[PDB]
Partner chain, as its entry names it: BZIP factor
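Just the one chain here, the form deposited without its partner chain, laid out as structure tokens.
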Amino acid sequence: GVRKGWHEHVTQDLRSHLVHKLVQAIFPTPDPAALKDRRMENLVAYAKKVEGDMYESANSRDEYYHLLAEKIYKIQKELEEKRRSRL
């Protein structure tokens, strides 16, 4: 497509939904409204940044999925927050 050969497969909306997947996968947020909190805003910003970075890094859509899922895995493996998150 435009920025990558695979680009046309993944529009902003899917990027947004994937960013949400990052947020919930890292931090299974109780309520969408909670995303307004500055703490969450930072995590949202992080997830956007990371997703963008992965998009530009990924030679192929499959890779984009892989290194994202891997990154999530690393986050939980390292930071292991899933259930704690709230705190």
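Numbering follows the first chain given and starts at 1.
One more form of this protein exists, namely the form deposited with its partner chain bound; it is left out here, but the text below deals with it.
Contact annotation for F27: at least one heavy atom lies within 4.5 Å of its partner chain in the bound PDB entry. Remark: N42 counts among the residues lining its partner chain in the bound PDB entry, judged by a heavy atom distance of 4.5 Å or less.
Its partner chain is not shown here, and in the bound PDB entry it never comes within 4.5 Å of any heavy atom of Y55. Contact annotation for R3: none of its heavy atoms lies within 4.5 Å of its partner chain in the bound PDB entry.
Shown here without its partner chain, the chain has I26, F27, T29, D31, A33, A34, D37 in 15-37 lying with a heavy atom within 4.5 Å of that partner in the bound PDB entry.
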